[PDB]
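Below is data_30.pdb, holding PDB, C-alpha atoms and all ligand atoms.
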```
ATOM      1  CA  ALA A   1      15.852   8.840 -11.558  1.00  0.00           C
ATOM      2  CA  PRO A   2      13.059   7.137  -9.550  1.00  0.00           C
ATOM      3  CA  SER A   3      12.657   8.261  -5.903  1.00  0.00           C
ATOM      4  CA  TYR A   4      10.911   7.227  -2.674  1.00  0.00           C
ATOM      5  CA  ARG A   5       8.990  10.043  -0.907  1.00  0.00           C
ATOM      6  CA  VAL A   6       6.622  10.118   2.113  1.00  0.00           C
ATOM      7  CA  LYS A   7       3.572  12.427   2.468  1.00  0.00           C
ATOM      8  CA  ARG A   8       1.397  12.755   5.606  1.00  0.00           C
ATOM      9  CA  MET A   9      -2.019  13.247   3.910  1.00  0.00           C
ATOM     10  CA  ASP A  10      -5.127  11.435   2.561  1.00  0.00           C
ATOM     11  CA  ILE A  11      -3.948   8.914  -0.130  1.00  0.00           C
ATOM     12  CA  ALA A  12      -7.318   9.693  -1.917  1.00  0.00           C
ATOM     13  CA  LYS A  13      -5.770  13.152  -2.793  1.00  0.00           C
ATOM     14  CA  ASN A  14      -2.536  11.598  -4.256  1.00  0.00           C
ATOM     15  CA  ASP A  15      -0.755  13.257  -7.277  1.00  0.00           C
ATOM     16  CA  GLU A  16       0.517   9.870  -8.689  1.00  0.00           C
ATOM     17  CA  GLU A  17      -0.564   7.900 -11.823  1.00  0.00           C
ATOM     18  CA  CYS A  18      -2.091   5.082  -9.711  1.00  0.00           C
ATOM     19  CA  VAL A  19      -3.013   4.193  -6.089  1.00  0.00           C
ATOM     20  CA  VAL A  20      -2.669   1.073  -3.909  1.00  0.00           C
ATOM     21  CA  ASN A  21      -5.765   0.345  -1.755  1.00  0.00           C
ATOM     22  CA  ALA A  22      -5.084  -1.451   1.561  1.00  0.00           C
ATOM     23  CA  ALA A  23      -7.900  -3.917   0.704  1.00  0.00           C
ATOM     24  CA  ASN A  24      -9.742  -6.813   2.415  1.00  0.00           C
ATOM     25  CA  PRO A  25      -9.998 -10.176   0.687  1.00  0.00           C
ATOM     26  CA  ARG A  26     -13.740  -9.750   0.261  1.00  0.00           C
ATOM     27  CA  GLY A  27     -13.378  -6.725  -1.978  1.00  0.00           C
ATOM     28  CA  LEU A  28     -15.676  -4.758   0.356  1.00  0.00           C
ATOM     29  CA  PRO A  29     -15.434  -0.957   0.984  1.00  0.00           C
ATOM     30  CA  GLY A  30     -14.063  -1.223   4.605  1.00  0.00           C
ATOM     31  CA  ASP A  31     -12.872   1.758   6.772  1.00  0.00           C
ATOM     32  CA  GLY A  32      -9.634   3.855   7.069  1.00  0.00           C
ATOM     33  CA  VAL A  33      -7.599   4.147   3.782  1.00  0.00           C
ATOM     34  CA  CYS A  34     -10.277   1.851   2.144  1.00  0.00           C
ATOM     35  CA  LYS A  35     -13.034   4.325   3.153  1.00  0.00           C
ATOM     36  CA  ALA A  36     -11.684   7.499   1.485  1.00  0.00           C
ATOM     37  CA  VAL A  37     -10.492   5.173  -1.376  1.00  0.00           C
ATOM     38  CA  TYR A  38     -14.050   3.744  -1.857  1.00  0.00           C
ATOM     39  CA  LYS A  39     -15.509   7.327  -1.870  1.00  0.00           C
ATOM     40  CA  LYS A  40     -12.987   8.592  -4.468  1.00  0.00           C
ATOM     41  CA  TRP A  41     -12.955   5.492  -6.752  1.00  0.00           C
ATOM     42  CA  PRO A  42     -16.122   3.445  -5.939  1.00  0.00           C
ATOM     43  CA  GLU A  43     -16.275   1.844  -9.470  1.00  0.00           C
ATOM     44  CA  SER A  44     -12.779   0.343  -8.693  1.00  0.00           C
ATOM     45  CA  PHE A  45     -14.528  -1.983  -6.124  1.00  0.00           C
ATOM     46  CA  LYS A  46     -16.379  -3.910  -8.922  1.00  0.00           C
ATOM     47  CA  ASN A  47     -15.010  -7.516  -8.629  1.00  0.00           C
ATOM     48  CA  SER A  48     -11.984  -6.195  -6.595  1.00  0.00           C
ATOM     49  CA  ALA A  49     -11.870  -9.260  -4.241  1.00  0.00           C
ATOM     50  CA  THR A  50      -8.382 -10.899  -4.222  1.00  0.00           C
ATOM     51  CA  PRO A  51      -6.868 -13.288  -1.623  1.00  0.00           C
ATOM     52  CA  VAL A  52      -4.578 -12.276   1.285  1.00  0.00           C
ATOM     53  CA  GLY A  53      -0.994 -11.843  -0.074  1.00  0.00           C
ATOM     54  CA  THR A  54      -2.204 -10.803  -3.585  1.00  0.00           C
ATOM     55  CA  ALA A  55      -2.960  -7.612  -5.548  1.00  0.00           C
ATOM     56  CA  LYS A  56      -5.613  -6.988  -8.232  1.00  0.00           C
ATOM     57  CA  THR A  57      -5.972  -3.865 -10.416  1.00  0.00           C
ATOM     58  CA  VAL A  58      -9.425  -2.425 -11.226  1.00  0.00           C
ATOM     59  CA  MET A  59      -9.596   0.639 -13.520  1.00  0.00           C
ATOM     60  CA  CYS A  60     -11.649   3.700 -12.459  1.00  0.00           C
ATOM     61  CA  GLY A  61     -11.961   5.264 -15.932  1.00  0.00           C
ATOM     62  CA  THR A  62      -8.228   5.155 -16.927  1.00  0.00           C
ATOM     63  CA  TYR A  63      -6.967   5.564 -13.294  1.00  0.00           C
ATOM     64  CA  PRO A  64      -5.678   2.198 -11.918  1.00  0.00           C
ATOM     65  CA  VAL A  65      -6.603   1.192  -8.331  1.00  0.00           C
ATOM     66  CA  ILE A  66      -4.344  -1.702  -7.168  1.00  0.00           C
ATOM     67  CA  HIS A  67      -6.232  -3.574  -4.389  1.00  0.00           C
ATOM     68  CA  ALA A  68      -3.420  -5.117  -2.255  1.00  0.00           C
ATOM     69  CA  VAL A  69      -4.472  -7.432   0.636  1.00  0.00           C
ATOM     70  CA  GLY A  70      -1.962  -7.493   3.496  1.00  0.00           C
ATOM     71  CA  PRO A  71      -2.492 -10.154   6.199  1.00  0.00           C
ATOM     72  CA  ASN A  72      -4.510  -9.362   9.362  1.00  0.00           C
ATOM     73  CA  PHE A  73      -1.781 -10.267  11.936  1.00  0.00           C
ATOM     74  CA  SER A  74      -4.654 -11.079  14.425  1.00  0.00           C
ATOM     75  CA  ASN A  75      -5.359 -14.188  12.223  1.00  0.00           C
ATOM     76  CA  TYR A  76      -1.766 -15.104  11.151  1.00  0.00           C
ATOM     77  CA  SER A  77       1.370 -16.420  12.927  1.00  0.00           C
ATOM     78  CA  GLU A  78       4.330 -13.945  12.788  1.00  0.00           C
ATOM     79  CA  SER A  79       6.141 -16.208  10.221  1.00  0.00           C
ATOM     80  CA  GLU A  80       3.065 -16.788   7.944  1.00  0.00           C
ATOM     81  CA  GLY A  81       1.947 -13.105   8.264  1.00  0.00           C
ATOM     82  CA  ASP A  82       5.470 -11.959   7.251  1.00  0.00           C
ATOM     83  CA  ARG A  83       5.358 -14.164   4.194  1.00  0.00           C
ATOM     84  CA  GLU A  84       1.872 -12.886   3.127  1.00  0.00           C
ATOM     85  CA  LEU A  85       2.941  -9.217   3.672  1.00  0.00           C
ATOM     86  CA  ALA A  86       6.101  -9.729   1.484  1.00  0.00           C
ATOM     87  CA  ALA A  87       3.914 -11.454  -1.177  1.00  0.00           C
ATOM     88  CA  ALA A  88       1.303  -8.614  -1.277  1.00  0.00           C
ATOM     89  CA  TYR A  89       4.076  -6.058  -2.017  1.00  0.00           C
ATOM     90  CA  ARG A  90       5.602  -8.404  -4.713  1.00  0.00           C
ATOM     91  CA  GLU A  91       2.168  -8.414  -6.466  1.00  0.00           C
ATOM     92  CA  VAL A  92       1.980  -4.558  -6.194  1.00  0.00           C
ATOM     93  CA  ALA A  93       5.405  -4.299  -7.996  1.00  0.00           C
ATOM     94  CA  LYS A  94       4.067  -6.664 -10.750  1.00  0.00           C
ATOM     95  CA  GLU A  95       0.870  -4.557 -11.301  1.00  0.00           C
ATOM     96  CA  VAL A  96       2.868  -1.261 -11.289  1.00  0.00           C
ATOM     97  CA  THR A  97       5.233  -2.767 -13.960  1.00  0.00           C
ATOM     98  CA  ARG A  98       2.351  -4.256 -16.080  1.00  0.00           C
ATOM     99  CA  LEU A  99       0.479  -0.850 -16.022  1.00  0.00           C
ATOM    100  CA  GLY A 100       3.656   1.014 -17.234  1.00  0.00           C
ATOM    101  CA  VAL A 101       2.922   3.908 -14.771  1.00  0.00           C
ATOM    102  CA  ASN A 102       5.639   6.519 -13.907  1.00  0.00           C
ATOM    103  CA  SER A 103       4.453   6.809 -10.234  1.00  0.00           C
ATOM    104  CA  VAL A 104       2.384   5.008  -7.526  1.00  0.00           C
ATOM    105  CA  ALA A 105       0.783   6.173  -4.234  1.00  0.00           C
ATOM    106  CA  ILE A 106       1.162   3.356  -1.628  1.00  0.00           C
ATOM    107  CA  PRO A 107       0.249   2.911   2.071  1.00  0.00           C
ATOM    108  CA  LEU A 108       2.176   0.670   4.520  1.00  0.00           C
ATOM    109  CA  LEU A 109       0.061  -2.549   4.388  1.00  0.00           C
ATOM    110  CA  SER A 110      -0.877  -4.314   7.679  1.00  0.00           C
ATOM    111  CA  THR A 111       0.125  -1.311   9.929  1.00  0.00           C
ATOM    112  CA  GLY A 112      -3.408  -0.269  11.117  1.00  0.00           C
ATOM    113  CA  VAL A 113      -6.370  -2.537  12.070  1.00  0.00           C
ATOM    114  CA  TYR A 114      -4.498  -5.513  10.395  1.00  0.00           C
ATOM    115  CA  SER A 115      -1.333  -4.881  12.553  1.00  0.00           C
ATOM    116  CA  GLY A 116      -2.457  -7.255  15.381  1.00  0.00           C
ATOM    117  CA  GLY A 117      -1.821  -4.263  17.728  1.00  0.00           C
ATOM    118  CA  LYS A 118       1.926  -4.168  16.964  1.00  0.00           C
ATOM    119  CA  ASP A 119       4.257  -1.525  15.426  1.00  0.00           C
ATOM    120  CA  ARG A 120       5.071  -2.866  11.903  1.00  0.00           C
ATOM    121  CA  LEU A 121       6.421   0.374  10.286  1.00  0.00           C
ATOM    122  CA  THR A 122       9.939  -1.143   9.713  1.00  0.00           C
ATOM    123  CA  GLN A 123       8.577  -4.644   8.776  1.00  0.00           C
ATOM    124  CA  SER A 124       6.049  -3.251   6.233  1.00  0.00           C
ATOM    125  CA  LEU A 125       8.359  -0.511   4.783  1.00  0.00           C
ATOM    126  CA  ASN A 126      11.243  -3.038   4.249  1.00  0.00           C
ATOM    127  CA  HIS A 127       8.879  -5.416   2.299  1.00  0.00           C
ATOM    128  CA  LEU A 128       7.745  -2.367   0.231  1.00  0.00           C
ATOM    129  CA  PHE A 129      11.416  -1.452  -0.609  1.00  0.00           C
ATOM    130  CA  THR A 130      12.297  -5.111  -1.494  1.00  0.00           C
ATOM    131  CA  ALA A 131       9.388  -5.271  -4.009  1.00  0.00           C
ATOM    132  CA  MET A 132       9.516  -1.707  -5.470  1.00  0.00           C
ATOM    133  CA  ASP A 133      13.383  -1.583  -5.791  1.00  0.00           C
ATOM    134  CA  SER A 134      12.994  -3.630  -9.080  1.00  0.00           C
ATOM    135  CA  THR A 135      10.602  -1.075 -10.574  1.00  0.00           C
ATOM    136  CA  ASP A 136      11.113   2.162 -12.523  1.00  0.00           C
ATOM    137  CA  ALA A 137       8.270   4.085 -10.793  1.00  0.00           C
ATOM    138  CA  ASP A 138       8.419   7.087  -8.436  1.00  0.00           C
ATOM    139  CA  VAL A 139       6.962   5.739  -5.129  1.00  0.00           C
ATOM    140  CA  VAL A 140       5.049   8.077  -2.771  1.00  0.00           C
ATOM    141  CA  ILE A 141       4.305   6.499   0.649  1.00  0.00           C
ATOM    142  CA  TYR A 142       1.191   7.945   2.388  1.00  0.00           C
ATOM    143  CA  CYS A 143       0.852   7.935   6.220  1.00  0.00           C
ATOM    144  CA  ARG A 144      -1.337   9.866   8.743  1.00  0.00           C
ATOM    145  CA  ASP A 145       0.980  10.056  11.787  1.00  0.00           C
ATOM    146  CA  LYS A 146       3.723  12.645  12.246  1.00  0.00           C
ATOM    147  CA  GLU A 147       6.136  10.308  14.022  1.00  0.00           C
ATOM    148  CA  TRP A 148       5.661   7.637  11.318  1.00  0.00           C
ATOM    149  CA  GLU A 149       6.327  10.319   8.700  1.00  0.00           C
ATOM    150  CA  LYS A 150       9.680  11.123  10.296  1.00  0.00           C
ATOM    151  CA  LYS A 151      10.752   7.540  10.611  1.00  0.00           C
ATOM    152  CA  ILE A 152       9.716   6.675   7.019  1.00  0.00           C
ATOM    153  CA  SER A 153      11.625   9.813   5.785  1.00  0.00           C
ATOM    154  CA  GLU A 154      14.777   8.760   7.790  1.00  0.00           C
ATOM    155  CA  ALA A 155      14.589   5.153   6.428  1.00  0.00           C
ATOM    156  CA  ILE A 156      14.336   6.611   2.840  1.00  0.00           C
ATOM    157  CA  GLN A 157      17.311   9.039   3.402  1.00  0.00           C
ATOM    158  CA  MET A 158      19.408   6.207   5.048  1.00  0.00           C
ATOM    159  CA  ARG A 159      19.500   4.099   1.783  1.00  0.00           C
ATOM    160  CA  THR A 160      20.748   6.864  -0.644  1.00  0.00           C
TER     161      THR A 160
HETATM  162  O1  LIG A 201      -3.805  -2.332   8.619  1.00  0.00           O
HETATM  163  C1  LIG A 201      -3.771  -1.921   7.438  1.00  0.00           C
HETATM  164  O2  LIG A 201      -3.128  -0.907   7.107  1.00  0.00           O
HETATM  165  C2  LIG A 201      -4.484  -2.710   6.388  1.00  0.00           C
HETATM  166  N1  LIG A 201      -3.696  -3.336   5.514  1.00  0.00           N
HETATM  167  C3  LIG A 201      -4.227  -4.074   4.521  1.00  0.00           C
HETATM  168  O3  LIG A 201      -3.450  -4.631   3.724  1.00  0.00           O
HETATM  169  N2  LIG A 201      -5.542  -4.262   4.415  1.00  0.00           N
HETATM  170  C4  LIG A 201      -6.423  -3.667   5.243  1.00  0.00           C
HETATM  171  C5  LIG A 201      -7.793  -3.875   5.096  1.00  0.00           C
HETATM  172  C6  LIG A 201      -8.697  -3.274   5.981  1.00  0.00           C
HETATM  173  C7  LIG A 201      -8.223  -2.465   7.005  1.00  0.00           C
HETATM  174  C8  LIG A 201      -6.858  -2.279   7.163  1.00  0.00           C
HETATM  175  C9  LIG A 201      -5.958  -2.871   6.283  1.00  0.00           C
END
```
As structure tokens, how would this structure be written, given the file I've shared?
Amino acid sequence: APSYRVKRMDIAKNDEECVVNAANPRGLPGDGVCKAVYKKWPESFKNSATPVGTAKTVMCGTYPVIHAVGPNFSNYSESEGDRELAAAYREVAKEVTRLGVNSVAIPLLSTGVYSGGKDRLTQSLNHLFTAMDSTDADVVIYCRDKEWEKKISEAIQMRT
């Protein structure tokens, strides 16, 4: 029976069958999640560019890296940003299904330097649930903060 879990650790050390990179539309290495991700799967960045609100899979050997591009809320209106964030997660669910994986390691898109300086834990996590609820995969959400870990865990436990 597929589950949602949260882990406070480096997504580059995930124990899942594939990883979602919080990517930029240029397909460039970047910093944060994208940094450790670039260092662990650099060959996954070959032709990894995909537009805001989309996801693109690049294989690193047989290990799929799903480059998902959340909106930078600095650049987007709240309404248009929300739509692009929902869309990015929809494309992640499609890739996860197409790959036939049993599990996926995923960050909360648009919650760091793309957040526009605002707390988007609930906004981002709800878009993640909406997309991934139609999939068969175990989902492991990776965060770095302790508080965020607690809140994500509570939101997971609240649905069951
Ligand atoms: O803020 C983020 O977590 C984030 N979400 C994303 O979808 N893409 C990003 C690309 C570069 C840096 C940060 C990000």
All file atoms of ligand LIG 201 (chain A) boxed axis-aligned, 4 Å per side, centre plus edges, as AutoDock Vina command-line options:
```
--center_x -5.9 --center_y -2.8 --center_z 6.2 --size_x 13.6 --size_y 11.7 --size_z 12.9
```
Could you tell me which residues the PyMOL selection byres (((not hetatm)) within 7 of (chain A and resi 201)) grabs in this file, written as a ChimeraX atom specification? /A:22-24,30-32,34,68-71,108-115
Just the number, please: distance in Å from atom CA of residue A:131 to atom CA of residue A:40, one decimal. 26.3 Å
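Candidate residues A:107, A:76, A:54, A:20 were compared for distance to residue A:143, and the nearest is A:107, using only C-alpha atoms.
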Assuming the chain letters and numbering stay as they are in my file, what does the PyMOL selection byres (((chain A and resi 44) around 6) and not hetatm) actually select? List them as a PyMOL selection string. chain A and resi 41-43+45-46+58-60
I need the residue nearest residue A:67 from this list: A:12, A:19, A:86, A:132. Use only C-alpha atoms for the distance. A:19
Since the input lacks atoms, please generate N, CA, C and O atoms for stretch 106-132 of chain A and provide them as a PDB file, in the coordinates of the input.
```pdb
ATOM      1  N   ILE A 106       1.243   4.647  -2.368  1.00  0.00           N
ATOM      2  CA  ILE A 106       1.162   3.356  -1.628  1.00  0.00           C
ATOM      3  C   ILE A 106       1.119   3.619  -0.127  1.00  0.00           C
ATOM      4  O   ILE A 106       1.879   4.455   0.375  1.00  0.00           O
ATOM      5  N   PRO A 107       0.241   2.907   0.611  1.00  0.00           N
ATOM      6  CA  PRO A 107       0.249   2.911   2.071  1.00  0.00           C
ATOM      7  C   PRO A 107       1.168   1.795   2.578  1.00  0.00           C
ATOM      8  O   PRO A 107       1.545   0.918   1.794  1.00  0.00           O
ATOM      9  N   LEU A 108       1.502   1.824   3.871  1.00  0.00           N
ATOM     10  CA  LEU A 108       2.176   0.670   4.520  1.00  0.00           C
ATOM     11  C   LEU A 108       1.088  -0.346   4.899  1.00  0.00           C
ATOM     12  O   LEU A 108       0.264  -0.055   5.798  1.00  0.00           O
ATOM     13  N   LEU A 109       1.056  -1.473   4.186  1.00  0.00           N
ATOM     14  CA  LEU A 109       0.061  -2.549   4.388  1.00  0.00           C
ATOM     15  C   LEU A 109       0.265  -3.136   5.785  1.00  0.00           C
ATOM     16  O   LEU A 109       1.432  -3.183   6.227  1.00  0.00           O
ATOM     17  N   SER A 110      -0.835  -3.516   6.428  1.00  0.00           N
ATOM     18  CA  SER A 110      -0.877  -4.314   7.679  1.00  0.00           C
ATOM     19  C   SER A 110      -0.291  -3.512   8.850  1.00  0.00           C
ATOM     20  O   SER A 110       0.272  -4.154   9.765  1.00  0.00           O
ATOM     21  N   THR A 111      -0.440  -2.181   8.858  1.00  0.00           N
ATOM     22  CA  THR A 111       0.125  -1.311   9.929  1.00  0.00           C
ATOM     23  C   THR A 111      -0.984  -0.680  10.778  1.00  0.00           C
ATOM     24  O   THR A 111      -0.639  -0.053  11.801  1.00  0.00           O
ATOM     25  N   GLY A 112      -2.254  -0.822  10.388  1.00  0.00           N
ATOM     26  CA  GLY A 112      -3.408  -0.269  11.117  1.00  0.00           C
ATOM     27  C   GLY A 112      -4.200  -1.379  11.782  1.00  0.00           C
ATOM     28  O   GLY A 112      -3.623  -2.107  12.602  1.00  0.00           O
ATOM     29  N   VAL A 113      -5.462  -1.562  11.396  1.00  0.00           N
ATOM     30  CA  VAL A 113      -6.370  -2.537  12.070  1.00  0.00           C
ATOM     31  C   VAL A 113      -5.963  -3.973  11.712  1.00  0.00           C
ATOM     32  O   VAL A 113      -6.479  -4.886  12.364  1.00  0.00           O
ATOM     33  N   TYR A 114      -5.067  -4.180  10.738  1.00  0.00           N
ATOM     34  CA  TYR A 114      -4.498  -5.513  10.395  1.00  0.00           C
ATOM     35  C   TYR A 114      -3.140  -5.734  11.086  1.00  0.00           C
ATOM     36  O   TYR A 114      -2.500  -6.752  10.816  1.00  0.00           O
ATOM     37  N   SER A 115      -2.689  -4.820  11.947  1.00  0.00           N
ATOM     38  CA  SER A 115      -1.333  -4.881  12.553  1.00  0.00           C
ATOM     39  C   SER A 115      -1.265  -5.905  13.694  1.00  0.00           C
ATOM     40  O   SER A 115      -0.144  -6.220  14.110  1.00  0.00           O
ATOM     41  N   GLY A 116      -2.405  -6.389  14.187  1.00  0.00           N
ATOM     42  CA  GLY A 116      -2.457  -7.255  15.381  1.00  0.00           C
ATOM     43  C   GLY A 116      -2.004  -6.500  16.621  1.00  0.00           C
ATOM     44  O   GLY A 116      -1.498  -7.151  17.551  1.00  0.00           O
ATOM     45  N   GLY A 117      -2.167  -5.172  16.618  1.00  0.00           N
ATOM     46  CA  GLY A 117      -1.821  -4.263  17.728  1.00  0.00           C
ATOM     47  C   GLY A 117      -0.329  -3.999  17.862  1.00  0.00           C
ATOM     48  O   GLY A 117       0.054  -3.383  18.878  1.00  0.00           O
ATOM     49  N   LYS A 118       0.483  -4.387  16.882  1.00  0.00           N
ATOM     50  CA  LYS A 118       1.926  -4.168  16.964  1.00  0.00           C
ATOM     51  C   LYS A 118       2.475  -3.176  15.933  1.00  0.00           C
ATOM     52  O   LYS A 118       1.923  -3.020  14.844  1.00  0.00           O
ATOM     53  N   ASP A 119       3.569  -2.513  16.300  1.00  0.00           N
ATOM     54  CA  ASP A 119       4.257  -1.525  15.426  1.00  0.00           C
ATOM     55  C   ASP A 119       4.983  -2.258  14.290  1.00  0.00           C
ATOM     56  O   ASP A 119       6.010  -2.904  14.541  1.00  0.00           O
ATOM     57  N   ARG A 120       4.493  -2.135  13.058  1.00  0.00           N
ATOM     58  CA  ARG A 120       5.071  -2.866  11.903  1.00  0.00           C
ATOM     59  C   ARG A 120       5.548  -1.874  10.840  1.00  0.00           C
ATOM     60  O   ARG A 120       5.696  -2.294   9.681  1.00  0.00           O
ATOM     61  N   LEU A 121       5.865  -0.632  11.224  1.00  0.00           N
ATOM     62  CA  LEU A 121       6.421   0.374  10.286  1.00  0.00           C
ATOM     63  C   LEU A 121       7.626  -0.234   9.558  1.00  0.00           C
ATOM     64  O   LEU A 121       7.583  -0.328   8.322  1.00  0.00           O
ATOM     65  N   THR A 122       8.674  -0.627  10.291  1.00  0.00           N
ATOM     66  CA  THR A 122       9.939  -1.143   9.713  1.00  0.00           C
ATOM     67  C   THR A 122       9.661  -2.417   8.897  1.00  0.00           C
ATOM     68  O   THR A 122      10.195  -2.530   7.763  1.00  0.00           O
ATOM     69  N   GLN A 123       8.870  -3.345   9.438  1.00  0.00           N
ATOM     70  CA  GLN A 123       8.577  -4.644   8.776  1.00  0.00           C
ATOM     71  C   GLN A 123       7.916  -4.360   7.419  1.00  0.00           C
ATOM     72  O   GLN A 123       8.389  -4.869   6.383  1.00  0.00           O
ATOM     73  N   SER A 124       6.869  -3.557   7.436  1.00  0.00           N
ATOM     74  CA  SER A 124       6.049  -3.251   6.233  1.00  0.00           C
ATOM     75  C   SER A 124       6.866  -2.438   5.215  1.00  0.00           C
ATOM     76  O   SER A 124       6.866  -2.796   4.008  1.00  0.00           O
ATOM     77  N   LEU A 125       7.568  -1.399   5.674  1.00  0.00           N
ATOM     78  CA  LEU A 125       8.359  -0.511   4.783  1.00  0.00           C
ATOM     79  C   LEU A 125       9.474  -1.328   4.114  1.00  0.00           C
ATOM     80  O   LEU A 125       9.693  -1.149   2.904  1.00  0.00           O
ATOM     81  N   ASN A 126      10.131  -2.241   4.833  1.00  0.00           N
ATOM     82  CA  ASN A 126      11.243  -3.038   4.249  1.00  0.00           C
ATOM     83  C   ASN A 126      10.706  -3.965   3.147  1.00  0.00           C
ATOM     84  O   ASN A 126      11.393  -4.101   2.123  1.00  0.00           O
ATOM     85  N   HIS A 127       9.517  -4.544   3.315  1.00  0.00           N
ATOM     86  CA  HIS A 127       8.879  -5.416   2.299  1.00  0.00           C
ATOM     87  C   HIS A 127       8.517  -4.572   1.075  1.00  0.00           C
ATOM     88  O   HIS A 127       8.668  -5.075  -0.064  1.00  0.00           O
ATOM     89  N   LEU A 128       8.059  -3.350   1.303  1.00  0.00           N
ATOM     90  CA  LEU A 128       7.745  -2.367   0.231  1.00  0.00           C
ATOM     91  C   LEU A 128       9.018  -2.077  -0.583  1.00  0.00           C
ATOM     92  O   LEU A 128       8.999  -2.208  -1.827  1.00  0.00           O
ATOM     93  N   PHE A 129      10.122  -1.724   0.075  1.00  0.00           N
ATOM     94  CA  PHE A 129      11.416  -1.452  -0.609  1.00  0.00           C
ATOM     95  C   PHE A 129      11.860  -2.665  -1.433  1.00  0.00           C
ATOM     96  O   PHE A 129      12.212  -2.491  -2.611  1.00  0.00           O
ATOM     97  N   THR A 130      11.849  -3.858  -0.836  1.00  0.00           N
ATOM     98  CA  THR A 130      12.297  -5.111  -1.494  1.00  0.00           C
ATOM     99  C   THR A 130      11.551  -5.281  -2.816  1.00  0.00           C
ATOM    100  O   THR A 130      12.199  -5.565  -3.827  1.00  0.00           O
ATOM    101  N   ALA A 131      10.229  -5.093  -2.809  1.00  0.00           N
ATOM    102  CA  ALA A 131       9.388  -5.271  -4.009  1.00  0.00           C
ATOM    103  C   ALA A 131       9.647  -4.143  -5.011  1.00  0.00           C
ATOM    104  O   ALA A 131       9.837  -4.446  -6.205  1.00  0.00           O
ATOM    105  N   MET A 132       9.594  -2.884  -4.573  1.00  0.00           N
ATOM    106  CA  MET A 132       9.516  -1.707  -5.470  1.00  0.00           C
ATOM    107  C   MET A 132      10.924  -1.338  -5.968  1.00  0.00           C
ATOM    108  O   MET A 132      11.012  -0.636  -6.970  1.00  0.00           O
TER     109      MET A 132
END
```
